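Participant: The structure follows.
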Amino acid sequence: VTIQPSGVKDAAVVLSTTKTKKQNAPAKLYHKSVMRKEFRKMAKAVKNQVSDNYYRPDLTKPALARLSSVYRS
Amino acid sequence: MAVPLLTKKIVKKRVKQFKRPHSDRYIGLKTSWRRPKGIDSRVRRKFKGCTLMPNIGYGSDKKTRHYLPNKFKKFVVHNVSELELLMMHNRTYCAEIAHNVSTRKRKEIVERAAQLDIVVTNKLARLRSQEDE
Amino acid sequence: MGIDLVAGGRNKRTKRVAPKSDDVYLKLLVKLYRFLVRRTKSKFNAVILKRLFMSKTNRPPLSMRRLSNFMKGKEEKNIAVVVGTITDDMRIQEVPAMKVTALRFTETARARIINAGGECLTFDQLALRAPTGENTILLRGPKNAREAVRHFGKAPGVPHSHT
Amino acid sequence: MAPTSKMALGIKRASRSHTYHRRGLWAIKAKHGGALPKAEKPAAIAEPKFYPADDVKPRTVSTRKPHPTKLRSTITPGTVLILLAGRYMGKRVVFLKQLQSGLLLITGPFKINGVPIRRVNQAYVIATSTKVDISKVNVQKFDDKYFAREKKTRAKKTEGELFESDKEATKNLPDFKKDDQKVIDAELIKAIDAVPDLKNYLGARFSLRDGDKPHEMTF
RNA sequence: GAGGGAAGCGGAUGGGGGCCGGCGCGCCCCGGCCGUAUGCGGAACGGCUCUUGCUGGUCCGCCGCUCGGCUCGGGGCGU
RNA sequence: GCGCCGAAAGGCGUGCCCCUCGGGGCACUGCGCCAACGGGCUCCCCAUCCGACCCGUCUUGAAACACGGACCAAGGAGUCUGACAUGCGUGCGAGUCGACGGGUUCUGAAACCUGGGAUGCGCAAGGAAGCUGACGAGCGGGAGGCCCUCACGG
RNA sequence: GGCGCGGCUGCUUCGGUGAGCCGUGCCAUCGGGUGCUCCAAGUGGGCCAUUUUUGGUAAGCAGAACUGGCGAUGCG
RNA sequence: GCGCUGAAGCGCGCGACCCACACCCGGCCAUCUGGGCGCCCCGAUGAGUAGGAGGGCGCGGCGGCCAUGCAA
RNA sequence: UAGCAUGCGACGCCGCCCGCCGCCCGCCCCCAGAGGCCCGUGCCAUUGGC
């Protein structure tokens, strides 16, 4: 379930990441994209600034890394 | 910490094994434990050699509770979806594939789990669908 | 060991979140008080909490009359804390003002107090704007009143002498 | 109580001195405690961990305290150990392990063709002049590089150094053989001569390493 | 499993035998891939305001201009 | 632990004072946080104890020479709702309370709107029966605010 | 709890007194072993020991008192 | 019980020992003291028939949610 | 009278035995009113003159 934002791991381009929020009653956003391990850190450290507490977003970085490792071989 | 707590339930036990009393001398009379109900009962009298009765103090340490002896926490996995959560745990948790899940289904879970880096019970059971020594 | 100490295990255990509060909105309110209570000066909110857990033998109707004589301007129109509910039973042209706070009011009581003065406040808006809970009168019961203490059973029950 | 009174009687006193040397240098050890230290890439996770530093430093010290002390109760050097008896000169062994006192493992090298090693309740050992800081622990059985010969030439130098003392000292030579025969052992007389070490100990230290890790052993 | 010389609520408690399921780190060289800053071009966001507006996103498409890194394996070393 | 020597342990800043010998106690910033080496369970037997069967019941007291069972699988006991009294909870709250009809879908169901049956228990009572029928007060303990004056406190 | 001030009252001579009441001010070896309300239980047949008994030759009797235990309490 | 006798009887003194689940100590389970952030922590008492009071396990069919199945 | 199952003796002793030994694989683990190998290599253990 939602709070006001979510952040749910998947994606299926070979090499992929997922970085969702949700915000506001109509807009109903949810983006998925990226490759690289650096760009994985960065646009979740920025997400931390605009939200809070390191440990969960940080964890949902190698979940993705392991998925983008797996989709190689 | 954990290692010691795991060892305090597993190598001590308690394995008396609480069997119903005199279950052995009638076959039908079932193994499942029943409280010795009536006054003369020696077990009821809560004697030693009489086999201990169940009470709360007998209980394991919480830190060691519902763990496999491996000390991994088992999580039952119906399908691939449960796998995501398990993957997060990885180190913490072991995945156990339900008996029901079918042979055609079982394959996808197994491979996904490895990629997840949650090798546990599942490997054993997949060689168990293959045949084998 | 002692026997004293066993009797010491036999004190209470009053303790209760009530079996259900089916209202979720009451159900959240009743928790809020243990976070806020040890985190402010508010003894009153800590009392309301016990009395909105435990019982129906405890939950109060308060009439507009039973506010009305009893608030009477000499603790000068403070905030009146009614744990359970207000009920509509008086006509005087009622209260001299008033900020009344309760779990529930009837709609007639809501209408009559706000057209006399002040506000019929809800307890949560009270917790927000009066978090200290001081200048406040805990007013009151009942189930403790005339009808019914032990006056049960059929035709009762009596002063007593016999029953 | 007699050792333990001495510790008290500042409190700290040297540890009140310690600060000072930093105070003397100039103005300091608040800034350096707060401002430092490292960090920031990394991979994953909580970083719950660990070691080197500060606790470890009392645990090594603490572990050093039986270690003299058990020798004060039982008297001697430490390891490395020589056959007194047997062959007049001959060769050198190190006490890697106690099954017990008495049942002991005495050691060496073997990497190509090799060398034995014995576990004994005895046969032939009295100690020398070296000390380490272990008691009598290391083992399984490992060593090797030059060292049937080196350990052994290290033996010759100790066997010369000993053989002269065995001439000066003994009751004679025949029950230095009964002393060597014993090998529990121990208390009575220990410290004769054999001066100095500096090589003997360096050699012993290598021997301990060699009966440790990481060579010849890994798959 | 055990046995034709030693005593019994048939269990308990201890021990042997018999049976069985399970089984990484630091550095360097080669191969591989990609890159941001800035200019372009497209786009969810945000603090907030709440008629409305101002500053602040991030990634992608993909060329230019500097200047670098990662990952799967292999080879050595140290842990 | 946070400078140096010293393998090691240990000392190396300085002031005070007692002893006035060896020495002693006493005083003087913050901050951070180990070594070595390479299994479960079933049945049996021996030791040891429960041990007095169990078990359940009856009983002051059960191994019981008190009662009941050959052994097992399956069956085999707080049900139904009314009244009267309650506990716990929730909606409205000096009334609340809805059948039956009709209106209308799905459904043999049922639902929803609505007149609102039915007129309880209430809203105040007494008593054979006439018939009658106010609500003001504190006192004490002891919730809590204010005045103050704030160490207390009245 | 004690005192004073002030009103009202009583019983017992158109007689003597306090007490009561209200109002107002003043001054004063333990340690939760604990109160109240609703609803429910087996009962509503005991035993023994110790102490004190009464009957009875006595009794592993009968029948009380005061208490600790068994019942419903393991373990040594 | 074997069974002792200037004791393995008896009495008067005495020394050292043994021996419970007691008491201590270590670690842990309920309730309660409470405390602090749906969760963690400090200490105490803590046998049990009749039995009250409270939390939970399992059965079978129903509904909404949510899956599993050619090997249930 | 009974009585080798007190875990006994003797006499008489025989489709392949068993008498005496090479080489290997399991169980318990002194007498005694104080006492119980000459020259050597070799850390060892092996191994040689005697």
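Scheme for the structure tokens: letters A, B, ... for chains in order shown; per-chain residue numbers from 1; ligand numbers from 1 in order shown.
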Extract the full set of alpha helix (DSSP H) residues from chain B according to DSSP on the backbone, and format it as a PDB file with N, CA and C atoms, in the first residue's frame.
Facilitator:
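File written: result_14.pdb
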```
ATOM      1  N   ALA B   2      22.872 -13.960  18.528  1.00  0.00           N
ATOM      2  CA  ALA B   2      21.992 -14.869  17.864  1.00  0.00           C
ATOM      3  C   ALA B   2      22.556 -16.247  17.921  1.00  0.00           C
ATOM      4  N   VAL B   3      23.876 -16.392  17.711  1.00  0.00           N
ATOM      5  CA  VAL B   3      24.422 -17.711  17.696  1.00  0.00           C
ATOM      6  C   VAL B   3      24.185 -18.338  19.031  1.00  0.00           C
ATOM      7  N   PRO B   4      24.421 -17.638  20.105  1.00  0.00           N
ATOM      8  CA  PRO B   4      24.191 -18.238  21.386  1.00  0.00           C
ATOM      9  C   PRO B   4      22.743 -18.509  21.637  1.00  0.00           C
ATOM     10  N   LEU B   5      21.831 -17.628  21.203  1.00  0.00           N
ATOM     11  CA  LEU B   5      20.464 -17.855  21.469  1.00  0.00           C
ATOM     12  C   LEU B   5      20.044 -19.025  20.679  1.00  0.00           C
ATOM     13  N   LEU B   6      20.479 -19.247  19.390  1.00  0.00           N
ATOM     14  CA  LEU B   6      20.045 -20.370  18.616  1.00  0.00           C
ATOM     15  C   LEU B   6      20.464 -21.615  19.320  1.00  0.00           C
ATOM     16  N   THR B   7      21.741 -21.644  19.812  1.00  0.00           N
ATOM     17  CA  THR B   7      22.262 -22.863  20.504  1.00  0.00           C
ATOM     18  C   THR B   7      21.509 -23.187  21.788  1.00  0.00           C
ATOM     19  N   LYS B   8      21.029 -22.120  22.573  1.00  0.00           N
ATOM     20  CA  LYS B   8      20.266 -22.391  23.780  1.00  0.00           C
ATOM     21  C   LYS B   8      18.919 -23.082  23.640  1.00  0.00           C
ATOM     22  N   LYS B   9      18.040 -22.793  22.675  1.00  0.00           N
ATOM     23  CA  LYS B   9      17.056 -23.808  22.286  1.00  0.00           C
ATOM     24  C   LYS B   9      17.609 -25.036  21.574  1.00  0.00           C
ATOM     25  N   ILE B  10      18.476 -24.946  20.483  1.00  0.00           N
ATOM     26  CA  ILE B  10      18.711 -26.204  19.766  1.00  0.00           C
ATOM     27  C   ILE B  10      19.558 -27.312  20.448  1.00  0.00           C
ATOM     28  N   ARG B  42       0.470 -39.443  38.293  1.00  0.00           N
ATOM     29  CA  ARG B  42       1.786 -39.154  38.805  1.00  0.00           C
ATOM     30  C   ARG B  42       2.373 -37.904  38.095  1.00  0.00           C
ATOM     31  N   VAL B  43       2.105 -37.844  36.807  1.00  0.00           N
ATOM     32  CA  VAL B  43       2.538 -36.801  35.924  1.00  0.00           C
ATOM     33  C   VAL B  43       1.863 -35.552  36.385  1.00  0.00           C
ATOM     34  N   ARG B  44       0.581 -35.687  36.770  1.00  0.00           N
ATOM     35  CA  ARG B  44      -0.208 -34.580  37.229  1.00  0.00           C
ATOM     36  C   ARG B  44       0.448 -34.025  38.456  1.00  0.00           C
ATOM     37  N   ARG B  45       0.944 -34.927  39.317  1.00  0.00           N
ATOM     38  CA  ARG B  45       1.598 -34.579  40.546  1.00  0.00           C
ATOM     39  C   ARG B  45       2.853 -33.841  40.219  1.00  0.00           C
ATOM     40  N   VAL B  80       6.471 -16.429  -7.182  1.00  0.00           N
ATOM     41  CA  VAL B  80       7.549 -15.522  -7.461  1.00  0.00           C
ATOM     42  C   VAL B  80       7.395 -14.253  -6.671  1.00  0.00           C
ATOM     43  N   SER B  81       6.153 -13.786  -6.445  1.00  0.00           N
ATOM     44  CA  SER B  81       5.920 -12.513  -5.814  1.00  0.00           C
ATOM     45  C   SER B  81       6.503 -12.455  -4.431  1.00  0.00           C
ATOM     46  N   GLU B  82       6.366 -13.542  -3.651  1.00  0.00           N
ATOM     47  CA  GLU B  82       6.833 -13.596  -2.291  1.00  0.00           C
ATOM     48  C   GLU B  82       8.309 -13.438  -2.346  1.00  0.00           C
ATOM     49  N   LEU B  83       8.875 -13.823  -3.496  1.00  0.00           N
ATOM     50  CA  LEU B  83      10.287 -13.808  -3.679  1.00  0.00           C
ATOM     51  C   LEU B  83      10.833 -12.421  -3.526  1.00  0.00           C
ATOM     52  N   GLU B  84      10.096 -11.371  -3.930  1.00  0.00           N
ATOM     53  CA  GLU B  84      10.682 -10.060  -3.827  1.00  0.00           C
ATOM     54  C   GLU B  84      11.016  -9.757  -2.399  1.00  0.00           C
ATOM     55  N   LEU B  85      10.082 -10.042  -1.473  1.00  0.00           N
ATOM     56  CA  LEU B  85      10.281  -9.730  -0.087  1.00  0.00           C
ATOM     57  C   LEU B  85      11.435 -10.525   0.434  1.00  0.00           C
ATOM     58  N   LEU B  86      11.511 -11.803   0.030  1.00  0.00           N
ATOM     59  CA  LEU B  86      12.525 -12.703   0.489  1.00  0.00           C
ATOM     60  C   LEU B  86      13.864 -12.218   0.038  1.00  0.00           C
ATOM     61  N   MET B  87      13.940 -11.669  -1.189  1.00  0.00           N
ATOM     62  CA  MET B  87      15.170 -11.194  -1.753  1.00  0.00           C
ATOM     63  C   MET B  87      15.657 -10.059  -0.917  1.00  0.00           C
ATOM     64  N   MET B  88      14.732  -9.229  -0.411  1.00  0.00           N
ATOM     65  CA  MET B  88      15.194  -8.140   0.387  1.00  0.00           C
ATOM     66  C   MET B  88      15.901  -8.717   1.571  1.00  0.00           C
ATOM     67  N   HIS B  89      15.298  -9.741   2.209  1.00  0.00           N
ATOM     68  CA  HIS B  89      15.881 -10.317   3.390  1.00  0.00           C
ATOM     69  C   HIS B  89      17.194 -10.976   3.071  1.00  0.00           C
ATOM     70  N   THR B 103       5.140 -28.540 -10.301  1.00  0.00           N
ATOM     71  CA  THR B 103       6.504 -28.758 -10.838  1.00  0.00           C
ATOM     72  C   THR B 103       6.888 -27.821 -11.914  1.00  0.00           C
ATOM     73  N   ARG B 104       5.892 -27.492 -12.807  1.00  0.00           N
ATOM     74  CA  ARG B 104       5.932 -26.455 -13.856  1.00  0.00           C
ATOM     75  C   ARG B 104       6.193 -25.046 -13.295  1.00  0.00           C
ATOM     76  N   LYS B 105       5.492 -24.655 -12.251  1.00  0.00           N
ATOM     77  CA  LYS B 105       5.725 -23.437 -11.491  1.00  0.00           C
ATOM     78  C   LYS B 105       6.991 -23.382 -10.788  1.00  0.00           C
ATOM     79  N   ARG B 106       7.490 -24.548 -10.171  1.00  0.00           N
ATOM     80  CA  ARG B 106       8.552 -24.516  -9.177  1.00  0.00           C
ATOM     81  C   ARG B 106       9.860 -23.906  -9.745  1.00  0.00           C
ATOM     82  N   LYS B 107      10.181 -24.167 -10.978  1.00  0.00           N
ATOM     83  CA  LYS B 107      11.351 -23.820 -11.764  1.00  0.00           C
ATOM     84  C   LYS B 107      11.692 -22.328 -11.779  1.00  0.00           C
ATOM     85  N   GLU B 108      10.505 -21.511 -12.050  1.00  0.00           N
ATOM     86  CA  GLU B 108      10.707 -20.097 -12.150  1.00  0.00           C
ATOM     87  C   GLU B 108      11.120 -19.560 -10.818  1.00  0.00           C
ATOM     88  N   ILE B 109      10.497 -20.170  -9.746  1.00  0.00           N
ATOM     89  CA  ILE B 109      10.781 -19.577  -8.448  1.00  0.00           C
ATOM     90  C   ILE B 109      12.280 -19.740  -8.087  1.00  0.00           C
ATOM     91  N   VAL B 110      12.739 -20.988  -8.431  1.00  0.00           N
ATOM     92  CA  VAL B 110      14.042 -21.463  -8.022  1.00  0.00           C
ATOM     93  C   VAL B 110      15.102 -20.613  -8.604  1.00  0.00           C
ATOM     94  N   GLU B 111      14.957 -20.331  -9.962  1.00  0.00           N
ATOM     95  CA  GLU B 111      15.980 -19.558 -10.611  1.00  0.00           C
ATOM     96  C   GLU B 111      15.968 -18.158 -10.088  1.00  0.00           C
ATOM     97  N   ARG B 112      14.765 -17.599  -9.866  1.00  0.00           N
ATOM     98  CA  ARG B 112      14.642 -16.241  -9.427  1.00  0.00           C
ATOM     99  C   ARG B 112      15.290 -16.106  -8.085  1.00  0.00           C
ATOM    100  N   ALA B 113      15.119 -17.123  -7.223  1.00  0.00           N
ATOM    101  CA  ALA B 113      15.626 -17.066  -5.882  1.00  0.00           C
ATOM    102  C   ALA B 113      17.119 -16.935  -5.902  1.00  0.00           C
ATOM    103  N   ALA B 114      17.794 -17.678  -6.795  1.00  0.00           N
ATOM    104  CA  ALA B 114      19.229 -17.671  -6.830  1.00  0.00           C
ATOM    105  C   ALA B 114      19.721 -16.293  -7.148  1.00  0.00           C
ATOM    106  N   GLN B 115      19.149 -15.670  -8.110  1.00  0.00           N
ATOM    107  CA  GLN B 115      19.468 -14.370  -8.631  1.00  0.00           C
ATOM    108  C   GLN B 115      19.303 -13.377  -7.415  1.00  0.00           C
ATOM    109  N   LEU B 116      18.290 -13.680  -6.577  1.00  0.00           N
ATOM    110  CA  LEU B 116      17.918 -12.954  -5.399  1.00  0.00           C
ATOM    111  C   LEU B 116      18.960 -13.186  -4.357  1.00  0.00           C
ATOM    112  N   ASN B 122      14.814 -24.466  -0.806  1.00  0.00           N
ATOM    113  CA  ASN B 122      14.414 -24.344  -2.134  1.00  0.00           C
ATOM    114  C   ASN B 122      15.394 -25.102  -3.053  1.00  0.00           C
ATOM    115  N   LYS B 123      16.739 -24.944  -2.841  1.00  0.00           N
ATOM    116  CA  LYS B 123      17.634 -25.682  -3.690  1.00  0.00           C
ATOM    117  C   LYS B 123      17.430 -27.147  -3.517  1.00  0.00           C
ATOM    118  N   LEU B 124      17.267 -27.555  -2.278  1.00  0.00           N
ATOM    119  CA  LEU B 124      17.280 -28.908  -1.880  1.00  0.00           C
ATOM    120  C   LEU B 124      16.043 -29.579  -2.544  1.00  0.00           C
ATOM    121  N   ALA B 125      14.891 -28.966  -2.387  1.00  0.00           N
ATOM    122  CA  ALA B 125      13.666 -29.289  -2.921  1.00  0.00           C
ATOM    123  C   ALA B 125      13.607 -29.294  -4.456  1.00  0.00           C
ATOM    124  N   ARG B 126      14.272 -28.380  -5.151  1.00  0.00           N
ATOM    125  CA  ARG B 126      14.368 -28.460  -6.577  1.00  0.00           C
ATOM    126  C   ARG B 126      15.173 -29.700  -7.003  1.00  0.00           C
ATOM    127  N   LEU B 127      16.284 -30.110  -6.347  1.00  0.00           N
ATOM    128  CA  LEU B 127      16.984 -31.349  -6.746  1.00  0.00           C
ATOM    129  C   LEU B 127      16.108 -32.511  -6.445  1.00  0.00           C
ATOM    130  N   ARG B 128      15.250 -32.434  -5.395  1.00  0.00           N
ATOM    131  CA  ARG B 128      14.153 -33.231  -5.057  1.00  0.00           C
ATOM    132  C   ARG B 128      13.026 -33.322  -6.121  1.00  0.00           C
ATOM    133  N   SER B 129      12.673 -32.253  -6.916  1.00  0.00           N
ATOM    134  CA  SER B 129      11.847 -32.464  -8.120  1.00  0.00           C
ATOM    135  C   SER B 129      12.625 -33.144  -9.180  1.00  0.00           C
ATOM    136  N   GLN B 130      13.963 -32.916  -9.393  1.00  0.00           N
ATOM    137  CA  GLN B 130      14.708 -33.650 -10.440  1.00  0.00           C
ATOM    138  C   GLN B 130      14.841 -35.127 -10.319  1.00  0.00           C
TER     139      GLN B 130
END
```
Participant: Excluding residue 39 of chain E and residues on its chain fewer than 6 positions from it, collect all residues at most 12 Å away from it, counting only C-alpha atoms (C1' of nucleotides), and give them as a PDB file with N, CA, C and O atoms (P, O5', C5', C4', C3', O3' and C1' of nucleotides), in the first residue's frame.
Facilitator:
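Written output follows (part_22.pdb):
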```
ATOM      1  P     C E  63      24.961  10.367 -30.368  1.00  0.00           P
ATOM      2  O5'   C E  63      25.597  11.759 -30.782  1.00  0.00           O
ATOM      3  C5'   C E  63      25.575  12.140 -32.165  1.00  0.00           C
ATOM      4  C4'   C E  63      26.029  13.595 -32.337  1.00  0.00           C
ATOM      5  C3'   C E  63      27.280  14.092 -31.582  1.00  0.00           C
ATOM      6  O3'   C E  63      28.470  13.802 -32.331  1.00  0.00           O
ATOM      7  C1'   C E  63      25.680  15.653 -31.128  1.00  0.00           C
ATOM      8  P     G E  64      29.868  13.860 -31.563  1.00  0.00           P
ATOM      9  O5'   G E  64      30.044  15.386 -31.172  1.00  0.00           O
ATOM     10  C5'   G E  64      30.466  16.332 -32.162  1.00  0.00           C
ATOM     11  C4'   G E  64      30.611  17.721 -31.523  1.00  0.00           C
ATOM     12  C3'   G E  64      31.559  17.839 -30.334  1.00  0.00           C
ATOM     13  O3'   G E  64      32.898  17.648 -30.765  1.00  0.00           O
ATOM     14  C1'   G E  64      29.632  19.041 -29.850  1.00  0.00           C
ATOM     15  P     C E  65      34.154  18.572 -30.916  1.00  0.00           P
ATOM     16  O5'   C E  65      34.281  19.184 -29.468  1.00  0.00           O
ATOM     17  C5'   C E  65      34.914  20.447 -29.262  1.00  0.00           C
ATOM     18  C4'   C E  65      34.998  20.722 -27.757  1.00  0.00           C
ATOM     19  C3'   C E  65      35.657  19.624 -26.910  1.00  0.00           C
ATOM     20  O3'   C E  65      37.069  19.667 -27.132  1.00  0.00           O
ATOM     21  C1'   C E  65      33.712  20.352 -25.699  1.00  0.00           C
TER      22        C E  65
END
```
Participant: Using only C-alpha atoms (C1' of nucleotides), what table do you get, as CSV, when you list each residue of chain D with an atom no more than 9 Å from chain I, its nearest pair of atoms, and their distance in Å rounded to one decimal, rows by chain then rising number?
Facilitator:
```
residue,atom,partner,partner_atom,distance
D:82,CA,I:43,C1',8.1
D:83,CA,I:43,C1',7.0
D:87,CA,I:42,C1',7.4
D:90,CA,I:43,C1',6.0
D:91,CA,I:43,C1',3.8
D:92,CA,I:43,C1',5.6
D:93,CA,I:43,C1',6.9
D:115,CA,I:44,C1',8.9
D:116,CA,I:44,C1',7.1
D:117,CA,I:44,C1',7.4
D:118,CA,I:44,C1',7.5
D:152,CA,I:43,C1',7.6
D:155,CA,I:43,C1',8.5
```
Participant: Among chain B, which residues does DSSP mark as strand (DSSP E or B) when it is run on the backbone? Keep the chain and numbering as in the structure and answer as a PyMOL selection string.
Facilitator: chain B and resi 67+73-77+93-97
Participant: Could you write those residues out with C-alpha atoms, as a PDB file, in the first residue's frame?
Facilitator:
```
ATOM      1  CA  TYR B  67      13.895 -20.196  13.196  1.00  0.00           C
ATOM      2  CA  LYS B  73      13.978 -17.520   9.314  1.00  0.00           C
ATOM      3  CA  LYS B  74      11.791 -19.450   6.952  1.00  0.00           C
ATOM      4  CA  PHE B  75       9.317 -17.771   4.773  1.00  0.00           C
ATOM      5  CA  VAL B  76       6.791 -19.784   2.923  1.00  0.00           C
ATOM      6  CA  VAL B  77       6.727 -18.962  -0.720  1.00  0.00           C
ATOM      7  CA  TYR B  93      15.559 -15.336   5.549  1.00  0.00           C
ATOM      8  CA  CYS B  94      15.456 -18.716   3.879  1.00  0.00           C
ATOM      9  CA  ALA B  95      12.605 -19.530   1.415  1.00  0.00           C
ATOM     10  CA  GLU B  96      10.586 -22.632   1.598  1.00  0.00           C
ATOM     11  CA  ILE B  97       8.522 -23.513  -1.443  1.00  0.00           C
TER      12      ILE B  97
END
```
Participant: Work out how far apart atom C1' of residue 69 of chain G and atom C1' of residue 52 of chain H are and give it in Å to one decimal.
Facilitator: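 Between these atoms lies a distance of 25.6 Å.
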Participant: I'd like a table as a Markdown table: residues in chain C with an atom no more than 9 Å from chain G, each row giving the shortest atom pair and its distance in Å to one decimal, only C-alpha atoms (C1' of nucleotides) counted, sorted by chain and rising residue number.
Facilitator:
```
| residue | atom | partner | partner_atom | distance |
| --- | --- | --- | --- | --- |
| C:4 | CA | G:33 | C1' | 8.2 |
| C:149 | CA | G:37 | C1' | 7.3 |
| C:150 | CA | G:37 | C1' | 7.4 |
```
Participant: For residue 69 of chain A, which of A:32, A:9, A:37, A:21 is the closest residue, counting only C-alpha atoms?
Facilitator: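 Answer, going by the shortest atom-to-atom distance: A:37.
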Participant: How close does each residue of chain F get to chain B, giving the shortest atom pair and distance in Å to one decimal for every residue with an atom at most 10 Å away, counting only C-alpha atoms (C1' of nucleotides), sorted by chain and residue number, as a tab-separated table?
Facilitator:
```
residue	atom	partner	partner_atom	distance
F:49	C1'	B:49	CA	6.3
F:50	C1'	B:49	CA	4.7
F:51	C1'	B:49	CA	9.0
F:52	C1'	B:42	CA	9.9
F:53	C1'	B:22	CA	8.9
F:54	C1'	B:22	CA	6.5
F:55	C1'	B:38	CA	8.0
F:56	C1'	B:38	CA	6.4
F:57	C1'	B:38	CA	8.3
F:62	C1'	B:40	CA	7.5
F:63	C1'	B:40	CA	9.5
F:71	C1'	B:26	CA	8.2
F:72	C1'	B:28	CA	6.2
F:73	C1'	B:28	CA	9.0
```
Participant: Keeping only C-alpha atoms (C1' of nucleotides), take the residues you just selected and write them out as a PDB file, in the first residue's frame.
Facilitator:
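Everything below was put into out_2.pdb:
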```pdb
ATOM      1  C1'   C F  49      14.136 -42.947  39.363  1.00  0.00           C
ATOM      2  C1'   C F  50       9.235 -42.400  38.723  1.00  0.00           C
ATOM      3  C1'   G F  51       8.003 -46.306  40.400  1.00  0.00           C
ATOM      4  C1'   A F  52       2.728 -47.645  43.881  1.00  0.00           C
ATOM      5  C1'   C F  53      -0.312 -48.065  36.486  1.00  0.00           C
ATOM      6  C1'   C F  54      -2.972 -45.606  33.598  1.00  0.00           C
ATOM      7  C1'   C F  55      -6.467 -43.368  32.723  1.00  0.00           C
ATOM      8  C1'   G F  56     -10.780 -41.532  34.390  1.00  0.00           C
ATOM      9  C1'   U F  57     -14.365 -41.590  38.131  1.00  0.00           C
ATOM     10  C1'   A F  62      -7.603 -45.169  44.935  1.00  0.00           C
ATOM     11  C1'   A F  63      -2.455 -49.020  42.896  1.00  0.00           C
ATOM     12  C1'   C F  71      -8.290 -53.799  20.870  1.00  0.00           C
ATOM     13  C1'   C F  72      -9.187 -50.052  17.143  1.00  0.00           C
ATOM     14  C1'   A F  73     -11.600 -46.826  13.297  1.00  0.00           C
TER      15        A F  73
END
```
Participant: State, in Å with one decimal place, the distance from atom CA of residue 62 of chain B to atom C1' of residue 37 of chain H.
Facilitator: 19.8 Å
Participant: If we count only C-alpha atoms (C1' of nucleotides), what is near segment 41-49 of chain E at a cut-off of 8 Å, once residues fewer than 4 positions away on the same chain are taken out, given as a VMD selection string?
Facilitator: (chain A and resid 27 29 to 31 50) or (chain E and resid 53 56 to 57 61)
Participant: Which chain F residues have any atom within 9 Å of an atom of chain C, and for each, what is the nearest pair of atoms with distance in Å to one decimal, counting only C-alpha atoms (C1' of nucleotides), rows sorted by chain and number, as a Markdown table?
Facilitator:
```
| residue | atom | partner | partner_atom | distance |
| --- | --- | --- | --- | --- |
| F:84 | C1' | C:154 | CA | 7.9 |
| F:85 | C1' | C:153 | CA | 5.3 |
| F:86 | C1' | C:152 | CA | 8.9 |
| F:88 | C1' | C:19 | CA | 6.9 |
| F:89 | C1' | C:21 | CA | 6.9 |
| F:90 | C1' | C:22 | CA | 7.5 |
| F:92 | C1' | C:106 | CA | 7.7 |
| F:93 | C1' | C:87 | CA | 6.2 |
| F:94 | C1' | C:89 | CA | 6.6 |
| F:143 | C1' | C:138 | CA | 7.9 |
| F:144 | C1' | C:137 | CA | 7.0 |
| F:145 | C1' | C:135 | CA | 5.1 |
| F:146 | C1' | C:75 | CA | 8.7 |
```
Participant: So that I can check the surroundings of residue 61 of chain F, please list as a PyMOL selection string every protein, DNA and RNA residue that reaches within 12 Å of it, counting only C-alpha atoms (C1' of nucleotides) and ignoring chain neighbours fewer than 4 positions away.
Facilitator: (chain B and resi 40) or (chain F and resi 66) or (chain G and resi 46-48+70-71)
